[PDB]
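Everything on this sheet refers to the single structure shown next.
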Amino acid sequence: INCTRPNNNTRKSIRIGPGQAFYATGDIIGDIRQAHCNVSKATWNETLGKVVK
Amino acid sequence: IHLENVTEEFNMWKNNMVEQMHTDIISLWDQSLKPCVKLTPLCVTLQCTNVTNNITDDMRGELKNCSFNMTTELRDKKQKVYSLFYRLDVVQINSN
Amino acid sequence: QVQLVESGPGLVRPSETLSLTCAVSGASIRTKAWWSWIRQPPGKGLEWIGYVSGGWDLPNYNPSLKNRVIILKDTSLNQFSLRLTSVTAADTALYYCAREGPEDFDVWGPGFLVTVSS
Amino acid sequence: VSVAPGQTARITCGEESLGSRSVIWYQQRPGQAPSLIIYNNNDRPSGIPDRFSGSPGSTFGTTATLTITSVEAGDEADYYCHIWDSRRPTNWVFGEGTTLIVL
Amino acid sequence: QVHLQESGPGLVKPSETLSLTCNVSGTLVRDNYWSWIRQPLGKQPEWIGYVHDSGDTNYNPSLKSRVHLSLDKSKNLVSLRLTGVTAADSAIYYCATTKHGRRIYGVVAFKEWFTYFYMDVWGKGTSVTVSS
Ligand SMILES: *[C@@H]1O[C@H](CO)[C@@H](O[C@@H]2O[C@H](CO)[C@@H](O[C@@H]3O[C@H](CO[C@H]4O[C@H](CO)[C@@H](O)[C@H](O)[C@@H]4O)[C@@H](O)[C@H](O[C@H]4O[C@H](CO)[C@@H](O)[C@H](O)[C@@H]4O)[C@@H]3O)[C@H](O)[C@H]2NC(C)=O)[C@H](O)[C@H]1NC(C)=O
Ligand SMILES: *[C@@H]1O[C@H](CO)[C@@H](O[C@@H]2O[C@H](CO)[C@@H](O[C@@H]3O[C@H](CO)[C@@H](O)[C@H](O)[C@@H]3O)[C@H](O)[C@H]2NC(C)=O)[C@H](O)[C@H]1NC(C)=O
Ligand SMILES: *[C@@H]1O[C@H](CO)[C@@H](O[C@@H]2O[C@H](CO)[C@@H](O)[C@H](O)[C@H]2NC(C)=O)[C@H](O)[C@H]1NC(C)=O
Ligand SMILES: *[C@@H]1O[C@H](CO)[C@@H](O)[C@H](O)[C@H]1NC(C)=O
């Protein structure tokens, strides 16, 4: 299985207080896409055949 | 080391040590957070809009930009700062 | 999936202390097993030298080896070593590290010709 | 842009890139009709000459440029960019005029 | 081979319903997308929008109310209609064919792509001027 978030992220340090770091999300460098996973169709159909058997 | 001519009855469903593994992982997950920073001052009124994107009216923006007040290191001075969040982390408290 | 590989000389002088060392991967040394040394003079049949055990057995050799063979196991390095004090040129042989298990000597070493020559 | 004839010029237009862009480069003869030169990021159609190099629209945080090598007096045309960003909305007005003239 | 023939009044009264026609050469109005493009003098052009058979009639949301596009399959022309001509409408107008393209940047099945347009050919235009 392959899984990815393709949205590139930039973290940003915001100082909450003395020595308190919070990590927010900055810019989306690039396209705004949707995170997704992939599996091979044939191997998944074959393994479903195996578990059916 | 192998064992031969030996018949033991196993039972994974009433088994022990999976309860102990669950308890150990829970206690370890707790024990790796006590050093880290609590986010008590972050609970604050967020002015959120949609992210700058050519969004259709059907598919809502998954990412909402949110600007808010935040305390700095100095107690007297507060700053205005922005961030991004997902739809599954913000709710609409209740024009603006 | 066990893999045994010998190491050491293949050319030594007679009347000396010979010593090999076989490294073991693919499994553990402290198993139901006798990590053994077996030799073969060239063109001739096999000659079982002896063994050692990963448990607590005392090592038992062939009495024809004249009590000059001390096989010492190294569980901290997954190895076991042959010794042969006071060698002769007639002790030229292919040497083999192997593993007696529930089957008989499944994984051997490749076996290296120790040619004792002066 | 005013350069010597038979040279290479670089003409920039439009907003900086935010996402993936598909750019269209047009050119305009004075008093006459407009005309296309570049339709994809770096693709030109048939019936147009070569050496109209287009900037790749796969870069994030750059300006869409247009490179022309071996310029001429026939290249005296007001150039226009028309960007289509995957993040920005649809531009119903073109870019600002970038007039290329020659000595 | 294609070339277009723009036709309009040119002299328009203010607050009026403008109409324009666009004769074709060779390729009929059914086959292709069509577009209208306006440009004021010394200014960048303004894409008024595109029209096609079967509902593909997306206009500019700038005007969106006082402009209409249509075809003429019998006489094989392309027609513009406008409502309430004001002083900011004096320009040169163009009918023009256009071609689409799928710019694909991600998953196709997640609608992570968009159709851009580009006008390949043009016509003579019409110097539409509004004055009472
Ligand atoms: C899980 O499975 C899905 C498929 O079901 C994968 O999705 C693919 O993702 C890639 C990258 O996101 C997509 O690739 C893009 O393809 C566009 C179209 O490519 C077709 O058309 C061109 C031209 O006709 C052919 O050359 C090509 O072979 C294809 O036939 C391209 O236009 C894109 O390139 C653009 O961007 C790059 C960089 O941004 C620029 O350099 C280029 O100039 C160009 O502008 C891009 O390559 C692909 O289309 C997706 N497949 C489908 C079916 O949608 C997932 O990636 C996969 N996940 C994992 C983790 O493997
Ligand atoms: C961050 O902190 C600042 C500082 O308090 C906040 O700004 C203040 O917000 C209040 C609430 O809206 C404003 O009061 C209202 O202002 C409007 C516009 O002036 C006025 O019409 C109302 O009658 C009311 O007075 C206040 O003016 C405003 N102050 C400043 C300097 O902007 C701000 O809301 C906080 N959050 C963010 C996201 O910035
Ligand atoms: C998941 O991603 C991996 C990335 O490595 C893919 O593996 C490669 O696939 C290509 C395409 O067949 C091969 O040419 C490579 O040799 C593969 N590399 C390795 C290291 O395996 C894999 O195919 C992907 N699987 C799915 C289902 O998408
Ligand atoms: C799995 O493969 C078999 C053999 O080709 C096919 O008959 C079956 O329809 C496949 N299953 C699915 C869900 O496509």
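We name chains A, B, ... following the order of the structure tokens; residues begin at 1 in each chain, and ligands are numbered from 1 as shown.
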Near-ligand residues for ligand 3, threshold 8 Å, only C-alpha atoms and all ligand atoms, as a ChimeraX atom specification: /A:1-2,38-41
At a cut-off of 10 Å around ligand 1, and using only C-alpha atoms and all ligand atoms, what residues come up? Please write them as a PDB file with N, CA, C and O atoms, in the first residue's frame.
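Everything below was put into result-v1.pdb:
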ATOM      1  N   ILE A   1       0.855  -1.177   0.000  1.00  0.00           N
ATOM      2  CA  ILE A   1       0.000   0.000   0.000  1.00  0.00           C
ATOM      3  C   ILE A   1       0.895   1.232   0.000  1.00  0.00           C
ATOM      4  O   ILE A   1       1.962   1.242   0.624  1.00  0.00           O
ATOM      5  N   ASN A   2       0.493   2.243  -0.762  1.00  0.00           N
ATOM      6  CA  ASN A   2       1.200   3.514  -0.818  1.00  0.00           C
ATOM      7  C   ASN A   2       0.278   4.600  -0.307  1.00  0.00           C
ATOM      8  O   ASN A   2      -0.861   4.698  -0.749  1.00  0.00           O
ATOM      9  N   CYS A   3       0.749   5.411   0.618  1.00  0.00           N
ATOM     10  CA  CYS A   3      -0.096   6.472   1.134  1.00  0.00           C
ATOM     11  C   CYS A   3       0.683   7.769   1.136  1.00  0.00           C
ATOM     12  O   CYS A   3       1.873   7.784   1.451  1.00  0.00           O
ATOM     13  N   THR A   4       0.017   8.857   0.768  1.00  0.00           N
ATOM     14  CA  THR A   4       0.710  10.130   0.710  1.00  0.00           C
ATOM     15  C   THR A   4      -0.239  11.278   1.005  1.00  0.00           C
ATOM     16  O   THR A   4      -1.429  11.220   0.685  1.00  0.00           O
ATOM     17  N   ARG A   5       0.305  12.295   1.662  1.00  0.00           N
ATOM     18  CA  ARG A   5      -0.221  13.637   1.578  1.00  0.00           C
ATOM     19  C   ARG A   5       0.649  14.416   0.615  1.00  0.00           C
ATOM     20  O   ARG A   5       1.856  14.581   0.873  1.00  0.00           O
ATOM     21  N   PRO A   6       0.101  14.876  -0.509  1.00  0.00           N
ATOM     22  CA  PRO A   6       0.884  15.670  -1.453  1.00  0.00           C
ATOM     23  C   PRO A   6       0.866  17.158  -1.166  1.00  0.00           C
ATOM     24  O   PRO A   6       1.586  17.902  -1.842  1.00  0.00           O
ATOM     25  N   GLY A  30       2.539  25.175  -3.309  1.00  0.00           N
ATOM     26  CA  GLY A  30       2.132  24.381  -4.443  1.00  0.00           C
ATOM     27  C   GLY A  30       0.631  24.203  -4.531  1.00  0.00           C
ATOM     28  O   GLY A  30      -0.158  25.024  -4.058  1.00  0.00           O
ATOM     29  N   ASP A  31       0.236  23.106  -5.167  1.00  0.00           N
ATOM     30  CA  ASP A  31      -1.174  22.822  -5.371  1.00  0.00           C
ATOM     31  C   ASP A  31      -1.823  22.328  -4.089  1.00  0.00           C
ATOM     32  O   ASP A  31      -1.170  21.766  -3.209  1.00  0.00           O
ATOM     33  N   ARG A  33      -4.083  19.647  -2.897  1.00  0.00           N
ATOM     34  CA  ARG A  33      -4.577  18.347  -3.315  1.00  0.00           C
ATOM     35  C   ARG A  33      -5.105  17.591  -2.105  1.00  0.00           C
ATOM     36  O   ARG A  33      -5.136  18.104  -0.989  1.00  0.00           O
ATOM     37  N   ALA A  35      -5.077  14.042   0.262  1.00  0.00           N
ATOM     38  CA  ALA A  35      -4.240  12.918   0.644  1.00  0.00           C
ATOM     39  C   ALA A  35      -4.944  11.607   0.341  1.00  0.00           C
ATOM     40  O   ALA A  35      -6.151  11.465   0.540  1.00  0.00           O
ATOM     41  N   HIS A  36      -4.174  10.632  -0.132  1.00  0.00           N
ATOM     42  CA  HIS A  36      -4.789   9.430  -0.665  1.00  0.00           C
ATOM     43  C   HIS A  36      -3.867   8.238  -0.502  1.00  0.00           C
ATOM     44  O   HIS A  36      -2.657   8.377  -0.311  1.00  0.00           O
ATOM     45  N   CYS A  37      -4.460   7.055  -0.613  1.00  0.00           N
ATOM     46  CA  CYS A  37      -3.723   5.801  -0.612  1.00  0.00           C
ATOM     47  C   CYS A  37      -4.036   5.008  -1.873  1.00  0.00           C
ATOM     48  O   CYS A  37      -5.094   5.173  -2.483  1.00  0.00           O
ATOM     49  N   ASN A  38      -3.099   4.148  -2.251  1.00  0.00           N
ATOM     50  CA  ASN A  38      -3.184   3.292  -3.421  1.00  0.00           C
ATOM     51  C   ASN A  38      -2.885   1.863  -3.032  1.00  0.00           C
ATOM     52  O   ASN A  38      -2.024   1.603  -2.184  1.00  0.00           O
ATOM     53  N   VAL A  39      -3.578   0.948  -3.693  1.00  0.00           N
ATOM     54  CA  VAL A  39      -3.290  -0.477  -3.612  1.00  0.00           C
ATOM     55  C   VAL A  39      -3.406  -1.053  -5.012  1.00  0.00           C
ATOM     56  O   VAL A  39      -4.145  -0.526  -5.848  1.00  0.00           O
ATOM     57  N   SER A  40      -2.644  -2.103  -5.284  1.00  0.00           N
ATOM     58  CA  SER A  40      -2.724  -2.757  -6.580  1.00  0.00           C
ATOM     59  C   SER A  40      -4.054  -3.480  -6.727  1.00  0.00           C
ATOM     60  O   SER A  40      -4.478  -4.206  -5.824  1.00  0.00           O
TER      61      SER A  40
ATOM     62  N   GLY D  19      -0.076  28.083  -7.363  1.00  0.00           N
ATOM     63  CA  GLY D  19      -0.116  26.656  -7.602  1.00  0.00           C
ATOM     64  C   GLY D  19       0.403  26.324  -8.982  1.00  0.00           C
ATOM     65  O   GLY D  19       1.239  27.052  -9.521  1.00  0.00           O
ATOM     66  N   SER D  20      -0.080  25.235  -9.570  1.00  0.00           N
ATOM     67  CA  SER D  20       0.262  24.922 -10.947  1.00  0.00           C
ATOM     68  C   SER D  20      -0.513  25.833 -11.882  1.00  0.00           C
ATOM     69  O   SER D  20      -1.698  26.101 -11.669  1.00  0.00           O
ATOM     70  N   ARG D  21       0.160  26.313 -12.919  1.00  0.00           N
ATOM     71  CA  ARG D  21      -0.433  27.272 -13.835  1.00  0.00           C
ATOM     72  C   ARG D  21      -0.346  26.782 -15.270  1.00  0.00           C
ATOM     73  O   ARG D  21       0.604  26.100 -15.661  1.00  0.00           O
ATOM     74  N   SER D  22      -1.368  27.134 -16.039  1.00  0.00           N
ATOM     75  CA  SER D  22      -1.368  27.016 -17.488  1.00  0.00           C
ATOM     76  C   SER D  22      -1.460  28.425 -18.047  1.00  0.00           C
ATOM     77  O   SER D  22      -2.436  29.134 -17.789  1.00  0.00           O
ATOM     78  N   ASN D  40      -0.121  26.366 -24.195  1.00  0.00           N
ATOM     79  CA  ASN D  40       0.150  25.709 -22.924  1.00  0.00           C
ATOM     80  C   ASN D  40       1.307  26.448 -22.249  1.00  0.00           C
ATOM     81  O   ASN D  40       1.589  27.597 -22.589  1.00  0.00           O
ATOM     82  N   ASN D  41       1.951  25.832 -21.258  1.00  0.00           N
ATOM     83  CA  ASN D  41       3.073  26.487 -20.595  1.00  0.00           C
ATOM     84  C   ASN D  41       4.262  26.663 -21.531  1.00  0.00           C
ATOM     85  O   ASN D  41       4.860  27.743 -21.585  1.00  0.00           O
ATOM     86  N   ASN D  42       4.618  25.624 -22.281  1.00  0.00           N
ATOM     87  CA  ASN D  42       5.726  25.722 -23.223  1.00  0.00           C
ATOM     88  C   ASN D  42       5.382  25.022 -24.528  1.00  0.00           C
ATOM     89  O   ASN D  42       6.221  24.351 -25.137  1.00  0.00           O
ATOM     90  N   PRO D  56       8.139  27.243 -17.643  1.00  0.00           N
ATOM     91  CA  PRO D  56       7.349  26.106 -17.156  1.00  0.00           C
ATOM     92  C   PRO D  56       6.444  26.524 -16.007  1.00  0.00           C
ATOM     93  O   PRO D  56       6.873  27.209 -15.076  1.00  0.00           O
ATOM     94  N   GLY D  57       5.181  26.112 -16.085  1.00  0.00           N
ATOM     95  CA  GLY D  57       4.199  26.468 -15.080  1.00  0.00           C
ATOM     96  C   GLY D  57       4.150  25.519 -13.902  1.00  0.00           C
ATOM     97  O   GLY D  57       3.182  25.517 -13.138  1.00  0.00           O
ATOM     98  N   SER D  58       5.188  24.701 -13.748  1.00  0.00           N
ATOM     99  CA  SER D  58       5.298  23.773 -12.636  1.00  0.00           C
ATOM    100  C   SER D  58       6.122  24.330 -11.489  1.00  0.00           C
ATOM    101  O   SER D  58       6.395  23.604 -10.531  1.00  0.00           O
ATOM    102  N   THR D  59       6.541  25.585 -11.569  1.00  0.00           N
ATOM    103  CA  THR D  59       7.316  26.193 -10.503  1.00  0.00           C
ATOM    104  C   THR D  59       6.398  26.971  -9.574  1.00  0.00           C
ATOM    105  O   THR D  59       5.462  27.640 -10.019  1.00  0.00           O
ATOM    106  N   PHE D  60       6.670  26.876  -8.281  1.00  0.00           N
ATOM    107  CA  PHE D  60       5.848  27.492  -7.248  1.00  0.00           C
ATOM    108  C   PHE D  60       6.603  28.682  -6.682  1.00  0.00           C
ATOM    109  O   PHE D  60       7.689  28.522  -6.116  1.00  0.00           O
TER     110      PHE D  60
ATOM    111  N   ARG E 102      -7.127  20.322 -20.890  1.00  0.00           N
ATOM    112  CA  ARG E 102      -7.154  19.806 -19.526  1.00  0.00           C
ATOM    113  C   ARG E 102      -5.760  19.926 -18.927  1.00  0.00           C
ATOM    114  O   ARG E 102      -4.863  19.150 -19.269  1.00  0.00           O
ATOM    115  N   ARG E 103      -5.575  20.886 -18.031  1.00  0.00           N
ATOM    116  CA  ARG E 103      -4.367  20.957 -17.227  1.00  0.00           C
ATOM    117  C   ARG E 103      -4.573  20.071 -16.009  1.00  0.00           C
ATOM    118  O   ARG E 103      -5.458  20.337 -15.189  1.00  0.00           O
ATOM    119  N   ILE E 104      -3.772  19.015 -15.908  1.00  0.00           N
ATOM    120  CA  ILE E 104      -3.929  17.985 -14.890  1.00  0.00           C
ATOM    121  C   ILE E 104      -2.721  18.038 -13.973  1.00  0.00           C
ATOM    122  O   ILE E 104      -1.583  17.869 -14.425  1.00  0.00           O
ATOM    123  N   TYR E 105      -2.965  18.265 -12.683  1.00  0.00           N
ATOM    124  CA  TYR E 105      -1.895  18.418 -11.713  1.00  0.00           C
ATOM    125  C   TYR E 105      -1.918  17.392 -10.593  1.00  0.00           C
ATOM    126  O   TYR E 105      -0.994  17.388  -9.772  1.00  0.00           O
ATOM    127  N   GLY E 106      -2.932  16.547 -10.516  1.00  0.00           N
ATOM    128  CA  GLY E 106      -3.045  15.569  -9.441  1.00  0.00           C
ATOM    129  C   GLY E 106      -3.810  14.357  -9.881  1.00  0.00           C
ATOM    130  O   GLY E 106      -3.624  13.865 -11.003  1.00  0.00           O
ATOM    131  N   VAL E 107      -4.665  13.850  -8.997  1.00  0.00           N
ATOM    132  CA  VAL E 107      -5.501  12.708  -9.331  1.00  0.00           C
ATOM    133  C   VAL E 107      -6.610  13.165 -10.265  1.00  0.00           C
ATOM    134  O   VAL E 107      -7.238  14.207 -10.040  1.00  0.00           O
ATOM    135  N   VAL E 108      -6.844  12.399 -11.331  1.00  0.00           N
ATOM    136  CA  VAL E 108      -7.932  12.728 -12.246  1.00  0.00           C
ATOM    137  C   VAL E 108      -9.278  12.496 -11.575  1.00  0.00           C
ATOM    138  O   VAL E 108     -10.195  13.319 -11.688  1.00  0.00           O
ATOM    139  N   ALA E 109      -9.394  11.416 -10.807  1.00  0.00           N
ATOM    140  CA  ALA E 109     -10.662  11.052 -10.189  1.00  0.00           C
ATOM    141  C   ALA E 109     -11.058  11.960  -9.030  1.00  0.00           C
ATOM    142  O   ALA E 109     -12.205  11.889  -8.580  1.00  0.00           O
ATOM    143  N   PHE E 110     -10.158  12.809  -8.543  1.00  0.00           N
ATOM    144  CA  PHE E 110     -10.471  13.730  -7.460  1.00  0.00           C
ATOM    145  C   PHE E 110     -10.768  15.133  -7.961  1.00  0.00           C
ATOM    146  O   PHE E 110     -10.739  16.079  -7.166  1.00  0.00           O
ATOM    147  N   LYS E 111     -11.046  15.274  -9.263  1.00  0.00           N
ATOM    148  CA  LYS E 111     -11.244  16.558  -9.948  1.00  0.00           C
ATOM    149  C   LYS E 111     -10.069  17.510  -9.750  1.00  0.00           C
ATOM    150  O   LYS E 111     -10.256  18.722  -9.647  1.00  0.00           O
ATOM    151  N   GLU E 112      -8.850  16.980  -9.686  1.00  0.00           N
ATOM    152  CA  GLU E 112      -7.667  17.819  -9.503  1.00  0.00           C
ATOM    153  C   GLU E 112      -7.064  18.188 -10.857  1.00  0.00           C
ATOM    154  O   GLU E 112      -5.927  17.860 -11.189  1.00  0.00           O
ATOM    155  N   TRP E 113      -7.863  18.917 -11.626  1.00  0.00           N
ATOM    156  CA  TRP E 113      -7.529  19.336 -12.976  1.00  0.00           C
ATOM    157  C   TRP E 113      -8.488  20.452 -13.344  1.00  0.00           C
ATOM    158  O   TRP E 113      -9.519  20.637 -12.694  1.00  0.00           O
TER     159      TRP E 113
END
For residue 94 of chain D: contacts at 7 Å, only C-alpha atoms, fewer than 6 positions along chain excluded, given as number ranges by chain: D: 80-82; E: 44-46
Keeping only N, CA and C atoms, take the residues you just selected and write them out as an mmCIF file, in the first residue's frame.
data_model
loop_
_atom_site.group_PDB
_atom_site.id
_atom_site.type_symbol
_atom_site.label_atom_id
_atom_site.label_comp_id
_atom_site.auth_asym_id
_atom_site.auth_seq_id
_atom_site.Cartn_x
_atom_site.Cartn_y
_atom_site.Cartn_z
ATOM 1 N N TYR D 80 0.699 39.854 -24.286
ATOM 2 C CA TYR D 80 -0.245 39.658 -23.201
ATOM 3 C C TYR D 80 -0.072 38.274 -22.605
ATOM 4 N N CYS D 81 -0.124 38.217 -21.283
ATOM 5 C CA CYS D 81 -0.184 36.959 -20.569
ATOM 6 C C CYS D 81 -1.610 36.701 -20.101
ATOM 7 N N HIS D 82 -1.936 35.417 -19.984
ATOM 8 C CA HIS D 82 -3.250 34.984 -19.524
ATOM 9 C C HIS D 82 -3.012 33.727 -18.698
ATOM 10 N N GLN E 44 -5.473 46.571 -21.922
ATOM 11 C CA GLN E 44 -5.467 45.129 -22.073
ATOM 12 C C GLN E 44 -6.870 44.652 -22.449
ATOM 13 N N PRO E 45 -6.988 43.528 -23.151
ATOM 14 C CA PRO E 45 -8.318 43.054 -23.535
ATOM 15 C C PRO E 45 -9.064 42.470 -22.348
ATOM 16 N N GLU E 46 -10.366 42.291 -22.544
ATOM 17 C CA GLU E 46 -11.252 41.764 -21.516
ATOM 18 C C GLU E 46 -12.065 40.636 -22.124
#
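Comparing the minimum interatomic distances between residue 12 of chain D and each of D:85, D:101, D:30, D:25, counting only C-alpha atoms, we find that D:25 sits nearest.
Residue nearest ligand 2, chosen from B:5, B:49, B:79, B:40 and counting only C-alpha atoms and all ligand atoms: B:79.
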Within 10 Å of residue 132 of chain E using only C-alpha atoms, minus same-chain residues under 2 positions, as JSON, numbers by chain: {"E": [11, 12, 13, 14, 15, 130]}
Expected answer as number ranges by chain: chain A residues within 12 Å of chain B, only C-alpha atoms: A: 7, 9-28, 30-35
Contacts with ligand 4 at most 8 Å, only C-alpha atoms and all ligand atoms counted, listed as a ChimeraX atom specification: /A:42,45-46,49
Those residues you just picked out, can you put them in a file as a tab-separated table (two decimals), in the first residue's frame with C-alpha atoms?
chain	number	residue	atom	x	y	z
A	42	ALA	CA	-4.97	-7.31	-9.17
A	45	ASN	CA	-8.64	-8.97	-6.00
A	46	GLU	CA	-6.40	-12.03	-5.65
A	49	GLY	CA	-10.25	-14.43	-3.67
Given 6 Å and only C-alpha atoms and all ligand atoms, residues near ligand 2 as a PyMOL selection string: chain B and resi 47+67-69+80
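Neighbouring residues of residue 22 of chain E at 7 Å or closer, counting only C-alpha atoms and skipping chain neighbours under 2 positions away, are residues 4, 5, 6, 7, 20, 24, 77, 78, 79 and 95 of chain E.
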Residues just named, written with N, CA, C and O atoms as a PDB file, in the first residue's frame:
ATOM      1  N   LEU E   4     -13.325  35.327 -39.564  1.00  0.00           N
ATOM      2  CA  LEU E   4     -14.605  35.810 -39.084  1.00  0.00           C
ATOM      3  C   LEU E   4     -14.863  37.222 -39.586  1.00  0.00           C
ATOM      4  O   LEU E   4     -13.943  37.975 -39.912  1.00  0.00           O
ATOM      5  N   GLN E   5     -16.144  37.566 -39.650  1.00  0.00           N
ATOM      6  CA  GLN E   5     -16.587  38.868 -40.138  1.00  0.00           C
ATOM      7  C   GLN E   5     -17.430  39.498 -39.036  1.00  0.00           C
ATOM      8  O   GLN E   5     -18.579  39.104 -38.828  1.00  0.00           O
ATOM      9  N   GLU E   6     -16.844  40.446 -38.315  1.00  0.00           N
ATOM     10  CA  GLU E   6     -17.562  41.156 -37.270  1.00  0.00           C
ATOM     11  C   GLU E   6     -18.480  42.204 -37.881  1.00  0.00           C
ATOM     12  O   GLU E   6     -18.158  42.810 -38.907  1.00  0.00           O
ATOM     13  N   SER E   7     -19.629  42.416 -37.246  1.00  0.00           N
ATOM     14  CA  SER E   7     -20.579  43.407 -37.731  1.00  0.00           C
ATOM     15  C   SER E   7     -21.365  43.964 -36.557  1.00  0.00           C
ATOM     16  O   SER E   7     -21.951  43.205 -35.778  1.00  0.00           O
ATOM     17  N   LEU E  20     -24.603  42.380 -31.926  1.00  0.00           N
ATOM     18  CA  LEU E  20     -23.484  42.178 -32.833  1.00  0.00           C
ATOM     19  C   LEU E  20     -23.624  40.830 -33.511  1.00  0.00           C
ATOM     20  O   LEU E  20     -24.146  39.878 -32.926  1.00  0.00           O
ATOM     21  N   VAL E  24     -19.078  33.521 -40.367  1.00  0.00           N
ATOM     22  CA  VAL E  24     -18.030  32.516 -40.327  1.00  0.00           C
ATOM     23  C   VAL E  24     -17.546  32.244 -41.747  1.00  0.00           C
ATOM     24  O   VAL E  24     -18.128  32.705 -42.728  1.00  0.00           O
ATOM     25  N   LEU E  77     -23.951  32.114 -38.104  1.00  0.00           N
ATOM     26  CA  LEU E  77     -23.339  33.301 -37.520  1.00  0.00           C
ATOM     27  C   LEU E  77     -23.191  33.112 -36.014  1.00  0.00           C
ATOM     28  O   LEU E  77     -23.672  32.138 -35.437  1.00  0.00           O
ATOM     29  N   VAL E  78     -22.510  34.063 -35.374  1.00  0.00           N
ATOM     30  CA  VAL E  78     -22.361  34.106 -33.920  1.00  0.00           C
ATOM     31  C   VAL E  78     -22.808  35.482 -33.444  1.00  0.00           C
ATOM     32  O   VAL E  78     -22.332  36.498 -33.958  1.00  0.00           O
ATOM     33  N   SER E  79     -23.717  35.522 -32.474  1.00  0.00           N
ATOM     34  CA  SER E  79     -24.367  36.762 -32.078  1.00  0.00           C
ATOM     35  C   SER E  79     -24.024  37.135 -30.643  1.00  0.00           C
ATOM     36  O   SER E  79     -24.050  36.290 -29.742  1.00  0.00           O
ATOM     37  N   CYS E  95     -15.249  38.592 -32.092  1.00  0.00           N
ATOM     38  CA  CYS E  95     -15.665  37.203 -32.001  1.00  0.00           C
ATOM     39  C   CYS E  95     -14.480  36.329 -32.382  1.00  0.00           C
ATOM     40  O   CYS E  95     -13.683  36.697 -33.250  1.00  0.00           O
TER      41      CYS E  95
END
Near-residue 97 of chain E list (12 Å; only C-alpha atoms; drop same-chain fewer than 4 positions) as a ChimeraX atom specification: /D:35-36 /E:2-4,22-25,27-37,49-52,78,117-123
Counting only C-alpha atoms, chain B residues within 12 Å of chain E, as a PyMOL selection string: chain B and resi 54-56+59
Produce a file of the selected residues containing N, CA, C and O atoms, as a PDB file, in the first residue's frame.
ATOM      1  N   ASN B  54      -9.241  28.608  -5.369  1.00  0.00           N
ATOM      2  CA  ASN B  54     -10.381  28.683  -6.278  1.00  0.00           C
ATOM      3  C   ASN B  54     -11.323  27.530  -5.950  1.00  0.00           C
ATOM      4  O   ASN B  54     -11.365  26.500  -6.625  1.00  0.00           O
ATOM      5  N   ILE B  55     -12.094  27.719  -4.894  1.00  0.00           N
ATOM      6  CA  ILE B  55     -12.967  26.677  -4.371  1.00  0.00           C
ATOM      7  C   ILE B  55     -14.327  26.755  -5.045  1.00  0.00           C
ATOM      8  O   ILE B  55     -14.906  27.836  -5.199  1.00  0.00           O
ATOM      9  N   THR B  56     -14.832  25.599  -5.459  1.00  0.00           N
ATOM     10  CA  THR B  56     -16.223  25.497  -5.859  1.00  0.00           C
ATOM     11  C   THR B  56     -17.119  25.566  -4.629  1.00  0.00           C
ATOM     12  O   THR B  56     -16.692  25.303  -3.502  1.00  0.00           O
ATOM     13  N   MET B  59     -17.694  21.465  -3.254  1.00  0.00           N
ATOM     14  CA  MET B  59     -16.641  20.878  -2.436  1.00  0.00           C
ATOM     15  C   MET B  59     -16.092  21.951  -1.510  1.00  0.00           C
ATOM     16  O   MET B  59     -15.441  22.898  -1.962  1.00  0.00           O
TER      17      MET B  59
END
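Between atom CA of residue 96 of chain C and atom CA of residue 19 of chain C the interatomic distance comes to 12.7 Å.
For the pair atom CA of residue 49 of chain C and atom CA of residue 104 of chain C, the interatomic distance is 15.4 Å.
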Members of segment 42-78 of chain E assigned strand (DSSP E) by DSSP, as an MDAnalysis selection string: chainID E and resid 46:51 67:72 77:78
Please report, as CSV, each residue of chain D lying at most 7 Å from chain B, together with the nearest pair of atoms and the separation in Å rounded to one decimal; use only C-alpha atoms, and order rows by chain and ascending residue number.
residue,atom,partner,partner_atom,distance
D:87,CA,B:53,CA,4.6
D:88,CA,B:54,CA,5.2
D:89,CA,B:54,CA,4.9
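Every protein or nucleic acid residue with an atom no more than 7 Å from segment 36-43 of chain C, counting only C-alpha atoms and leaving out same-chain residues fewer than 2 positions away, appears here: residues 34, 45, 46, 47, 48, 49, 50, 51, 52, 82, 92, 93, 94, 95, 96, 97, 98 and 99 of chain C.
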Kindly export the residues of the current selection with C-alpha atoms, as an mmCIF file, in the first residue's frame.
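Just written: result-v7.cif:
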data_model
loop_
_atom_site.group_PDB
_atom_site.id
_atom_site.type_symbol
_atom_site.label_atom_id
_atom_site.label_comp_id
_atom_site.auth_asym_id
_atom_site.auth_seq_id
_atom_site.Cartn_x
_atom_site.Cartn_y
_atom_site.Cartn_z
ATOM 1 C CA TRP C 34 25.206 -29.569 18.298
ATOM 2 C CA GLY C 45 35.605 -40.192 3.408
ATOM 3 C CA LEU C 46 34.401 -37.939 6.185
ATOM 4 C CA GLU C 47 35.885 -37.830 9.681
ATOM 5 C CA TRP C 48 33.711 -36.470 12.489
ATOM 6 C CA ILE C 49 35.919 -34.439 14.819
ATOM 7 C CA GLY C 50 33.443 -33.486 17.515
ATOM 8 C CA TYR C 51 30.744 -31.078 18.610
ATOM 9 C CA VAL C 52 29.697 -28.548 21.210
ATOM 10 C CA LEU C 82 37.754 -25.800 16.567
ATOM 11 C CA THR C 92 45.506 -32.242 5.840
ATOM 12 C CA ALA C 93 41.733 -32.210 5.376
ATOM 13 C CA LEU C 94 38.712 -30.214 4.340
ATOM 14 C CA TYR C 95 37.168 -28.845 7.544
ATOM 15 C CA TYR C 96 33.424 -28.343 8.010
ATOM 16 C CA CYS C 97 31.340 -26.590 10.630
ATOM 17 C CA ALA C 98 27.812 -27.970 10.844
ATOM 18 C CA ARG C 99 24.701 -28.153 13.024
#
